[PDB]
Amino acid sequence: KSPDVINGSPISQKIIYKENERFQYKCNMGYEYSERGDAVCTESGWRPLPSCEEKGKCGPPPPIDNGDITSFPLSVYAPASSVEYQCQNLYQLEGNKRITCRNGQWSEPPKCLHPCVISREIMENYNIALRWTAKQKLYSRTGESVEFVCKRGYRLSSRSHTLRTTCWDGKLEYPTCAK
Amino acid sequence: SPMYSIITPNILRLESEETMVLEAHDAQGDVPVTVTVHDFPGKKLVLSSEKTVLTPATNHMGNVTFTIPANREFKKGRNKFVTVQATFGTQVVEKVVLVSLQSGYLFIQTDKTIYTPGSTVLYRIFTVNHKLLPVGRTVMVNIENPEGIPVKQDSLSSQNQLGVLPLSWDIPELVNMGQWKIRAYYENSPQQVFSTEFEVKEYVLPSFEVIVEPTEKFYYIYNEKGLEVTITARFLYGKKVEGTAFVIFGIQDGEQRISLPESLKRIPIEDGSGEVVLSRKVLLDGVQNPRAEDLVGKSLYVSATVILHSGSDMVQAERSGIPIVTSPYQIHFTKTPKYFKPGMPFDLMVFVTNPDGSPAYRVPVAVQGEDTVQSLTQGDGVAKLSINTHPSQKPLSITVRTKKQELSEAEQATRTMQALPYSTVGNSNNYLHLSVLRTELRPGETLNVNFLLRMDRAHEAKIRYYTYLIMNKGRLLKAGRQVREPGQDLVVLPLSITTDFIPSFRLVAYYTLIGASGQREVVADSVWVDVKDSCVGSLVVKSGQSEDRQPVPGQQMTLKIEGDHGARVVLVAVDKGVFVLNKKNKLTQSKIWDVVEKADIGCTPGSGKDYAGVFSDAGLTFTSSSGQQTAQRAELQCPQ
Amino acid sequence: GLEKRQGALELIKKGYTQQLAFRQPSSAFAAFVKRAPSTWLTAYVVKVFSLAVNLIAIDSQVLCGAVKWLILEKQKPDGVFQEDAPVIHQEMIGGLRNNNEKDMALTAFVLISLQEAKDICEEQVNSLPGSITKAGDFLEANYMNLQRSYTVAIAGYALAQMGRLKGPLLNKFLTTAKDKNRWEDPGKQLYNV
Ligand SMILES: *[C@@H]1O[C@H](CO)[C@@H](O[C@@H]2O[C@H](CO)[C@@H](O[C@@H]3O[C@H](CO[C@@H]4O[C@H](CO)[C@@H](O)[C@H](O)[C@@H]4O)[C@@H](O)[C@H](O[C@@H]4O[C@H](CO)[C@@H](O)[C@H](O)[C@@H]4O)[C@@H]3O)[C@H](O)[C@H]2NC(C)=O)[C@H](O)[C@H]1NC(C)=O
Ligand SMILES: [Ca+2]
């Protein structure tokens, strides 16, 4: 079961623990950990006894895709509390970054926009090179404007998309050069 | 300025009650103390956790009694340790203590010593703890053939059996002769294996006993009279024996026996007694060495065969291990401390024995150069020699000789020992000496413990009390304080000796102060005191009837058994013919106390090279908050 | 010596406390408070601290915060870690020094540091498993194009913790060991150990 640490409050929100699961806890003001600061569930019970020595509310915020909150998650949030989100690198956040707890429910969370591939097989099948010198890299964040040109001997076709294209959530319009 | 100190036995045993004494010297008010014992090094479980308070009414001295369960957590294999953590207020004092796997003691008693193929072996296993008190545990028993292969295992319980476990094992008709063994061990301690042997052989009772008894317990190599031996033959019911005896002698060298055919004699056994002399000439002619000095160190054995005139019974008996010596005695310093206090009286426990190892009674002993210091051995062959040491750092070398009058100087026994100066803290020359009159001490008396102090007078008034501890059977029996007034050099402690001191106890006392360069100093001293080996209670079996009434085959008899109230007594009646054939592995009281003393954690007669050596050598671990502590002990066995 | 372990513990506590002074507000780590946070150094602090939770009191917010940092910042969409502020001591990284297959090696290192702190930082960081999976995807795809024994070794252990080291990948892990007992490559011997 979830141990009742004296002069302290748990960090993890889980109540039932299987074997070898760790139980994180922190000590209250004026106290600190004694030896081990966590507890492990073994057959005879918790091996490290959680001890501390002398020196309408909402639930957890909803998880998003390719992102996470900036603070540390809590089991219960007091009313009028607010957390913020942030996407991974080269991802673009779309929507309200901050959500607020009101009357046991959160506000609408944002999403994360997917960047694009600059595929090497597509570049060779369309006969285009980056034209800003590079080995690779410089990859299309959602909203970034890439550019290419044709190879030496090809030209843009009649209805080929512009050489300067912008990626939008995992979709990229590659130019094409024929003849 | 305040110093917190803990003392715990050198080695901690499982399922045994262990005491811990807590002191807060130079402190005021109440000191909350919480003692926790954890495993080493992981601290997965809290093996014990007790609390106490050190109040000024108790002179800031308390104890914590705890029993460590034999948890399934401990793993031949590596040695196991525990962390002892004492918390006084803010301060915490920890010590890493060695753990012994011995759970307690197991004693095996077989009804007989030798058995015929087909018979049943009846044996009882007594299951006690380190206090010899009956306990209820699970015991593993292994029956082992002379070859060594275990042939029958079992796992039984001692619960509701009052510490006595009655078992039996049937011997097959077709069986291998020789020395069989029973091997038992507690379930919790598979490393502590107790054993007893019993011979299996085809035999018949001899109906009488033959006794080969030499005049002396040895043979002086320059005695022209030779070894005179008296043969005493008597029936198992008392009456003497008339017959004829064939006696023959031999020389034993280690394990090589050389019979002397020329020494063979046929003598009449008249009135149950006969005499036969091995002449010195035959002895020298028998061995192929003219130099008699080479026979010294070897032994003689005598074999006698007595045949009744009726020719219906014959008994062969032997008496071996008769050392050929040049001195009737042998001096040992195995009971005398090997550390002295310069300037204070140094006590020596001389141990004079006969060539066969038995104690020697009334033997004059003295120190070379000090004819005044001449003492007499007691009934246990232990004499006390007190000398006066000069204040010095020179190794005190003692040579003790026997001064038995009427014995020439060439035959007097001699032995040489050496003692080292008790090194003090910062060469402060602060010494403590505990002395006790060496004499057979018995339960129910009182021993005066003399605390004698020697130190400079500049800090003698600060010493207001001594801390004394008693070690018995490998556990702390009693701890207390001894009030000492400024100016008094010697104070007397009336120590009441009860049955809890059997067979022996160590008294280690120490005092602490702040001296010299404002350094915290501890000075200690210990002494070993022997007690008259006996039972804790009593058990006597005597005749419960009139001694005009003679025992007759089949006749009812009354047996008077007088012992402790509520005790469960187990009995056995054995024919003395059995003991005429084999008298080994017999359960006595002396053997029980022998086993107990061999599982002792002390390794010295007394004292040590420093204040930590006194505690370590007396089986104790001292650890103060200021940092003064004893070195670690990682050896279950004492140092050689 | 049983008594020495206490002082040995004191040093670890001391070191941990001393390392807290360089924890940037982003729950990252760098040689100096003003210096830009290093990817490899933050991952290495996770490593040591994850193996030390059984010895002294390690705060979960510190360890788990560093993990959440590496995932949201130093993680590319393909899934591979990039060190944006190289450590000043290039001799404390071992085999990643001057390594050409830096992407594969650095990915394996940071990933292993994540999987060692999984059981500890699974409640607070909710994005941990997906990132472990993302790192694992890149290592699996370009594992066979390895050449350096070191990279094959470190990526093999990074994949064995997931059970994703089978087939031709497992074959390459076993055949790169010369004499069937060592993963050796021309250069410093410390890299081969
Ligand atoms: C650890 O520390 C404890 C502290 O209590 C020590 O226990 C002392 O041990 C004494 C052994 O010598 C015991 O004294 C005995 O007490 C008998 C009374 O029995 C008590 O019954 C109560 C039940 O209410 C129990 O709780 C107690 O534990 C006792 O069993 C007395 O008949 C008898 O004598 C007394 O002490 C002196 C002796 O000179 C008399 O002057 C006094 O008037 C009184 O009659 C007997 O000696 C007792 O358990 C206890 N005594 C005291 C004073 O605390 C442990 O011995 C310590 N253990 C170690 C290893 O150091
Ligand atoms: Ca004795």
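Residues numbered from 1 in each chain as written, not as in the entry; some residues may be left out. Chains lettered and ligands numbered in written order. Part of a larger assembly, values for the part shown. Heavy atoms only, no water.

As summarised from the PDB record, the model derives from X-ray crystallography at a stated resolution of 4.20620907647 Å.

To continue, consider the overall build of chain C. Looking only at helices and strands, chain C has eight helices and two strands in total. The linear arrangement of helices and strands in chain C, starting from the amino end, is α-β-β-α-α-α-α-α-α-α. If one aligns the C-alpha atoms of chain C with their principal axes, the spans along those axes are about 45 × 45 × 30 Å. Here chain C holds 193 residues, and the buried ones make up 49% of them. (Helix = DSSP H or I, 4+ residues; strand = E, 2+ residues; numbered from the N terminus. Buried < 20%, exposed > 50% of the residue type's maximum accessible area, 1.4 Å probe, protein only.)

The subject of this paragraph is the interface of chain C and chain A. Interfaces are often sized by the amount of accessible area the parts lose when they come together. Each partner contributes residues to the interface: chain C has 25 residues there, and chain A has 28 residues. Contact with chain A buries area across many residues of chain C, yet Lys 68, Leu 72 and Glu 123 of chain C alone supply 26% of it, more than any other trio. Where chain C packs against chain A, one counts 14 residue pairs in polar contact. A total of seven residues in the side of chain C that touches chain A trace back to one element, the largest contributor, which is helix α3 (residues 60-72) of chain C. Taken together, the residues of the side of chain C that touches chain A break down into 10 nonpolar, eight polar and seven charged. (Contact = heavy atoms within 4.5 Å. Buried area = accessible area lost by both parts, 1.4 Å probe. Polar contact = N/O pair within 3.5 Å; in protein donor to acceptor, adjacent residues only side chain to side chain. Nonpolar A, V, L, I, M, F, W, Y, C, P; charged D, E, K, R; others polar.)

To continue, consider the UniProt feature "disulfide bond" in chain A. Residues and elements named next belong to chain A. Inspection of the UniProt-annotated bridge between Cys 27 and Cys 52 gives a sulfur distance of 2.0 Å, within the under-2.5 Å criterion for a formed disulfide. Of the two residues, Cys 27 sits in strand β2 (residues 22-27) while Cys 52 sits in strand β6 (residues 52-54), which places them 25 residues apart along the sequence. On the basis of relative accessibility, which here comes to 15%, the residue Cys 27 falls in the buried class. Agreement with UniProt is obtained for the disulfide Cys 150 to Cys 177: its S-S length of 2.0 Å falls short of 2.5 Å. Placement of the pair is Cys 150 in strand β15 (residues 149-150) and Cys 177 in strand β18 (residues 177-178), with a sequence separation of 27 residues. The pair formed by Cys 150 and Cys 177 is uniform in burial state, with each residue classed as buried. (Disulfide = S-S within 2.5 Å. UniProt positions renumbered as here; feature names shortened; annotations may be inferred.)

Another aspect to go through is the site of ligand 1. Residues and elements named next belong to chain B. With respect to spatial proximity, the complete set of residues near ligand 1 consists of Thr 19, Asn 63, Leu 476, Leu 477, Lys 478 and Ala 479. Relative to its free-state accessible area of 1,000 Å², ligand 1 is covered by the protein chains to the extent of 17%. Sorting elements by how many residues they give to the shell around ligand 1 places strand β36 (residues 475-483) first, with four residues. Tallied by class, the residues present in the shell around ligand 1 amount to three nonpolar, two polar and one charged. (Near = heavy atom within 4 Å. Areas by Shrake-Rupley, 256 points an atom, 1.4 Å probe, with all protein chains shown as cover.)

Glancing now at the sheet that holds strand β33 (residues 431-435) of chain B. Residues and elements named next belong to chain B. Spatial strand order, β33-β34-β37: three strands in an open sheet with antiparallel pairing. The sheet is open, and its two edges are formed by β33 and β37 (490-496), each paired on a single side. In this sheet, neighbouring strand axes are inclined to one another by 25° on average, regardless of whether the strands run parallel or antiparallel. Looking at chain direction, β33 and strand β34 (residues 446-454) are connected through five bridges and run antiparallel. Counterpart to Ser 435 in the pairing with β34 is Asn 450. (Pairing = 2+ DSSP bridges. Axes fitted to C-alpha atoms, helices over the stretch in contact; angles between N-to-C directions.)

All names here are of chain B. A grouping of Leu 539, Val 541, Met 557, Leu 559, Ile 561, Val 569 and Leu 571 is seen on the molecular surface, where their side chains present a nonpolar patch of about 610 Å² in accessible area. Of all the secondary-structure elements, those providing two or more residues to the nonpolar patch are β40 (539-543) and β41 (559-563). Looking at where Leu 559 falls in the secondary structure, it is placed in strand β41. (Patch = residues over 30% accessible without salt bridge, like charges linked within 9 Å, V, L, I, M, F, W, Y side chains within 5 Å. Salt bridge = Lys/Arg side-chain N within 4 Å of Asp/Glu carboxyl O.)

Right, let's get into a positive patch on the surface. Taken together, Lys 576, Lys 583, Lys 586 and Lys 591 of chain B make up a surface patch of like positive charges. By secondary structure assignment, the location of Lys 576 of chain B is in helix α2 (residues 576-581). (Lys, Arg positive; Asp, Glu negative; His and termini not counted. Charge placed at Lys NZ, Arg CZ, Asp CG, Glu CD.)

Right, let's get into the side chain of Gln 412 of chain B. Residues and elements named next belong to chain B. Residue placement: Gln 412 occurs in the loop between β31 (396-402) and β32 (414-421). Residue class for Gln 412 comes out buried when judged on its relative accessible area of 6%. At a separation of 2.4 Å, a polar atom in the side chain of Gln 412 contacts the side chain of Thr 402. Residues contacting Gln 412, with those up to four places away along its chain left out, are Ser 327, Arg 401, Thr 402, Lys 403, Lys 404 and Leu 407.

A few words on the state of the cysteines. For the structure on display, the rule yields seven disulfides over all chains. Through a disulfide, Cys 58 of chain A is tied to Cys 101 of chain A; the S-S separation comes to 2.0 Å. For the disulfide bridge between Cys 58 of chain A and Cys 101 of chain A, the dihedral angle about the S-S bond is near 95°, and by the sign convention the bridge is right-handed. Of the two residues, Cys 58 of chain A is situated in the loop between β6 and β7 (67-69) and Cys 101 of chain A in strand β10 (residues 98-102); the sequence distance between them amounts to 43 residues. Each member of the pair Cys 58 of chain A and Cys 101 of chain A is classed as buried. Note that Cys 64 of chain C is cross-linked by a disulfide to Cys 121 of chain C, the S-S spacing being 2.0 Å. Taking the sign of the torsion about the S-S bond as the criterion, the disulfide between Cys 64 of chain C and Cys 121 of chain C, at about -85°, is left-handed. Taken together, the residues span a long stretch of sequence, with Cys 64 of chain C in helix α3 and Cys 121 of chain C in the loop between α4 (102-116) and α5 (128-141) at a distance of 57 residues. Exposure class is identical for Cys 64 of chain C and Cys 121 of chain C. Each is buried. Regarding the disulfides, chain A carries the connectivity 1-2, 3-5, 4-6, 7-9, 8-10 under sequence-order numbering of its bonded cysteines.

On to the sheet that holds strand β25 (residues 330-332) of chain B. All names here are of chain B. Ordered by their spatial adjacency, three strands build an open sheet running β25-β27-β30, and the pairing between neighbours is antiparallel. Two strands bound the open sheet, and with one partner strand each, they are β25 and β30 (382-388). Taking each pair of neighbouring strands and ignoring which way they run, the sheet shows an average axis angle of 35°. The pairing of strand β27 (residues 345-353) with β30 spans seven bridges and is classified as antiparallel. In the sheet register, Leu 348 faces β30, and the bridge partner there is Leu 385.

On to the environment of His 459 of chain B. Take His 459 of chain B: it is sitting in the loop between β34 and β35 (465-472). Discounting chain neighbours no more than four positions away, the residues touching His 459 of chain B are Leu 513, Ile 514, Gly 515 and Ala 516 of chain B.

Another aspect to go through is the pairing of β34 of chain B. Strand residues, when the strand is regular, have side chains that alternate between the two faces of the sheet. All names here are of chain B. Here β34 shows one buried face, formed by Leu 447, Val 449, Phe 451 and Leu 453, and one open face, formed by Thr 446, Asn 448, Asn 450, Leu 452 and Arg 454. Pairing geometry for β34 and β37, over seven bridges, is antiparallel. When the sheet's bridge partners are listed, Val 449 is paired in β37 with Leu 493.

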